[PDB]
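A.B. asks: Take these chains first, placed just as they are in the complex:
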Amino acid sequence: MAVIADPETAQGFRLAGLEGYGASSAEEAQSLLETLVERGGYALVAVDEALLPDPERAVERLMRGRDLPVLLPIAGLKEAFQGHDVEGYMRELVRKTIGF
Amino acid sequence: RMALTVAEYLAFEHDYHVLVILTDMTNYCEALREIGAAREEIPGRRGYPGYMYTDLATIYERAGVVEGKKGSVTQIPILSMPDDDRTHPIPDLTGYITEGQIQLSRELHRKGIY
């Protein structure tokens, strides 16, 4: 695995039982993200909502399809955050399904 | 008709294997049409004559290897028929008449394959 998150929160996912290779190195973590999924020698790759890639096309064109998922939303910090309910719901309705 | 009688003369009665090659059997059909309607007779093959049959019989049926002759009239018709319709008079009767056929199309003529 790898979880791709903030440096300090990336820290807590490198612990045993889990395998992380996080940290920020960009504002969408491109510096890392790209290089890492290119091999696809991690069981799971996950990109948080404290980064999240504004061009998802960038990744798809480089990995060249994947049977394992990518960019699973994790919050990426704690501040009592739970806006990732309604945010993900609308993330869905904008690109697919019905409008508003 | 005229040409084919000079086939009969040289394949059969002077024993040589003569290849006859007939082309522009659409320009044939132009002239066939003329007599079709300008004479008394009425159209009966979806706007072309009905004595058309005989006109494409007398032509094609002469040809054939005869048993006792060494020589032969091998006829190769080359059509040029309007568009790629198959209800058109020309490919109509011609199909039926001949045994074994060959087609050209536009699938392999966009590829440069001659």
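C.D. replies: Everything's here; your move. Numbering: from 1, shown residues only, chains lettered A, B, ... in the order given.

A.B. asks: correct me, but residue B:89 touches residue B:43?
C.D. replies: No: checked against CB atoms under 8 Å, the pair residue B:89 and residue B:43 is beyond contact range at 10.4 Å. C-beta: built from backbone N, CA, C; applies to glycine.

A.B. asks: who's more crowded, those two?
C.D. replies: For residue B:89 and residue B:43, the more surrounded residue by other CB atoms under 10 Å in any protein chain shown is residue B:89, and the numbers stand at 21 against 13.

A.B. asks: Could you list which residues are in contact with the residue lying closest to that one once chain neighbours are set aside?
C.D. replies: Using CB to CB, 6 or more residues apart in numbering or on different chains and skipping residues adjacent in sequence, the residue nearest residue B:89 is residue B:48, 4.7 Å away. Contact analysis of residue B:48 by CB atoms under 8 Å, 6 or more residues apart in numbering or on different chains lists B:29, B:32, B:33, B:36, B:89.

A.B. asks: Assign residue B:48 to helix, strand or coil.
C.D. replies: With DSSP: H, G, I helix; E, B strand; the rest coil as the basis, residue B:48 sits in coil.

A.B. asks: How about the residue nearest to the spatial centre of chain A: what's its closest non-neighbour residue?
C.D. replies: In chain A, the centroid-proximal residue (CA atoms, centre = their mean) is residue A:47; its distance is 1.0 Å. For residue A:47, ignoring the flanking residues on the chain, the nearest one in space by CB to CB, 6+ apart is residue A:71 at 4.2 Å.

A.B. asks: I figured the one you found hits residue A:49, correct?
C.D. replies: No: using CB under 8 Å, residue A:71 and residue A:49 do not qualify as a contacting pair, with a distance of 9.3 Å.

A.B. asks: What ranges does the chain have for its strands?
C.D. replies: Unless you meant another one, I'm taking chain A. Assigned by DSSP state E, chain A shows strands spanning A:2-4, A:45-47.

A.B. asks: wrong chain, I was asking about chain B
C.D. replies: Assigned by DSSP E, the strands in chain B fall at B:17-23, B:64-65, B:72-78.

A.B. asks: Quick one: work out the angle between the helix of greatest length in chain B and strand B:72-78.
C.D. replies: For chain B, the helix that runs over the most residues, judged by DSSP state H, is helix B:28-38. On the basis of axes from the mean of the first three to the mean of the last three CA atoms, to 10 degrees, helix B:28-38 is oriented at 80 degrees to strand B:72-78.

A.B. asks: Let's add chain C too:
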Amino acid sequence: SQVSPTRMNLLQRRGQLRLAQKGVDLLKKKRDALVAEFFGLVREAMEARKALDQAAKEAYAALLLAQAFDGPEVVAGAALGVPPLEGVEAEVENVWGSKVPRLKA
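C.D. replies: Adding chain C to what we have so far:
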């Protein structure tokens, strides 16, 4: 060049309308089913997510300046790392909307 005949083609083109209109009728309610249920999974998804995101992090973020030298200790007692080649359990499943694979972590 390529033009349609009339007599031969007629019978094909009348049954063309029979074939098309009916086919598309039921094609229509084929995907409709699947999207209705999809709302159910997207909503329900985030239920556990708010609950367990915060109680994971609870301890994490409170073990960063008491860690960086107790990092060693914590990783030792615990069960060693998940495999990087298929540590997750991948499932294959053929379904309408093409063959898409799933998985559970």
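
A.B. asks: Contacts made by the longest helix of chain B with the rest, please.
C.D. replies: Outside helix B:28-38, the residues that touch it by CB under 8 Å, 6+ apart are B:43, B:48, B:49, B:52, B:55, B:89, B:90.

A.B. asks: And stretch C:31-49, by the same measure?
C.D. replies: A:84, A:85, A:88, A:89, A:92, A:97, C:96, C:97.

A.B. asks: again, 10 Å this time
C.D. replies: Residues external to stretch C:31-49 that are found in contact with it (CB atoms under 10 Å, 6 or more residues apart in numbering or on different chains): A:73-75, A:82, A:84-89, A:91-93, A:96-98, C:53, C:95-97.

A.B. asks: Any figure for the gap between the most centrally placed residue in chain C and residue A:47?
C.D. replies: Of all residues in chain C, the one closest to the mean position by CA atoms, centre = their mean is residue C:102, 6.3 Å from it. When CB to CB, to the nearest Å is applied, the distance between residue C:102 and residue A:47 equals 19 Å.

A.B. asks: Give me the three-state assignment for residue C:27.
C.D. replies: Assigned with three-state DSSP, residue C:27 falls in the helix class.

A.B. asks: Report the separation between it and residue C:16.
C.D. replies: When CB to CB is applied, the distance between residue C:27 and residue C:16 equals 16 Å.

A.B. asks: Next, count neighbours for the residue nearest to residue C:6 when sequence neighbours are not counted.
C.D. replies: By the measure of CB to CB, 6+ apart, the closest residue to residue C:6 outside its immediate chain neighbours is residue B:87, 6.3 Å from it. When neighbours are counted by other CB under 10 Å, residue B:87 registers 14.

A.B. asks: how far away is the residue of chain A found nearest chain B from residue B:55?
C.D. replies: Across chain A, the shortest distance to chain B (CB to the nearest CB) belongs to residue A:64, at 30.4 Å. From residue A:64 across to residue B:55, the span is 65 Å (CB to CB).

A.B. asks: of those two, who's got more company?
C.D. replies: In terms of neighbours (other CB under 10 Å), residue B:55 is the more surrounded of residue A:64 and residue B:55; the figures are 17 against 9.

A.B. asks: which ones are touching that one?
C.D. replies: By CB under 10 Å, 6+ apart, the contact list for residue B:55 reads B:1, B:28, B:29, B:31, B:32, B:35, B:36, B:49, B:93.

A.B. asks: Chain D should join the structure above:
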Amino acid sequence: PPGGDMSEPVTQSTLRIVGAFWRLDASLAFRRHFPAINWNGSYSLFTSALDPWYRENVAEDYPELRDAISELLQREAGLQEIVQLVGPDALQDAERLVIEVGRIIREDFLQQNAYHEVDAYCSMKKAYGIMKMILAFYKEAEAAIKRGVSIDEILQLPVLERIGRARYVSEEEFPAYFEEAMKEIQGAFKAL
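C.D. replies: Now chain D, sitting on the chains shown earlier:
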């Protein structure tokens, strides 16, 4: 048809109101069916009067199996259409069931040649035989899927190829040939 239409007075009055009506397509016959028939669009009016002799002489399940083969052949048509509409994006166990079977049926039972005496001939037992082989392959397939046997492997049994080498078999040899082959189906299905 002189103009290429199968809808005209003279076809209806006495060429389609008779015992049997048949049809031909142009790329149909070219594959290897000589002569070729349309599976659906072709009927027989007389068929309720040909049932006595076929019952008594051949077998009392010759009229039953011959309607039973025709059912499968025309039921595949059900799916055929949707294939040319937007396709199967979902292959299931009940999907490719009818579909592959029917394939084999059109491949070996309607591809016959009239230039070869091994690809056709007048004989009860050849008709009887071939149609019983296919019955067998069919029979077991329905109970293959339930157990958990992928249709992909169903292709890859060699016995499909055994039924695909019944259309070359010598006429005289066929009885002993058939009897040895009925056993291989039922063995390479129930085992796997």
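
A.B. asks: Go back to the contacts of residue B:48, now with chain D?
C.D. replies: Applying CB under 10 Å, 6+ apart, one finds that residue B:48 lies in contact with B:29, B:32, B:33, B:36, B:37, B:88, B:89, B:90, B:92.

A.B. asks: neighbours around the residue lying closest to residue D:15 once chain neighbours are set aside, how many?
C.D. replies: Sequence neighbours aside, residue D:21 is the residue nearest to residue D:15 in space, at 7.4 Å (criterion: CB to CB, 6+ apart). Residues contacting residue D:21 under the criterion other CB under 10 Å number 16.

A.B. asks: Please apply the same query to residue D:4.
C.D. replies: By the criterion of other CB under 10 Å, residue D:4 has 19 neighbours.

A.B. asks: quick one: secondary structure of it?
C.D. replies: coil.

A.B. asks: Could you measure from it over to chain A?
C.D. replies: From residue D:4 over to chain A the distance is 48 Å, taken as CB to the nearest CB, to the nearest Å.

A.B. asks: Nearest residue to that residue in space, please, no chain neighbours.
C.D. replies: Using CB to CB, 6+ apart and skipping the chain neighbours, the partner closest in space to residue D:4 is residue C:8 (3.7 Å).

A.B. asks: Surely that neighbour is in a strand?
C.D. replies: No: when three-state DSSP is applied, residue C:8 is found to be coil, with no strand at that position.

A.B. asks: That one contacts residue B:91, correct?
C.D. replies: No: counting by CB atoms under 10 Å, no contact exists between residue C:8 and residue B:91, whose distance comes to 11.3 Å.

A.B. asks: Mutual contacts of these two, please.
C.D. replies: Taking CB under 10 Å, 6+ apart as the contact rule, residue C:8 and residue B:91 both touch B:85, D:4.

A.B. asks: returning to that earlier point: test my guess that the residue nearest to the centre of chain C contacts residue C:94.
C.D. replies: No: because the distance of 11.2 Å does not satisfy CB under 10 Å, residue C:102 is recorded as not touching residue C:94.

A.B. asks: Can you pull the residues that touch both of those two?
C.D. replies: Counting by CB under 10 Å, 6+ apart, no residue touches both residue C:102 and residue C:94.

A.B. asks: so how many other residues sit close to the closest residue to chain A within chain B?
C.D. replies: For chain B, the residue positioned closest to chain A under CB to the nearest CB is residue B:111, at a distance of 30.4 Å. Residue B:111 is flanked by 8 other residues according to other CB under 10 Å.

A.B. asks: check contacts around the residue nearest to residue D:31 when sequence neighbours are not counted.
C.D. replies: Spatial nearest neighbour of residue D:31, excluding adjacent residues (CB to CB, 6+ apart): residue D:111 at 7.0 Å. Taking CB under 10 Å, 6+ apart, we find residue D:111 in contact with D:29, D:31, D:32, D:33, D:34, D:36, D:119, D:167.
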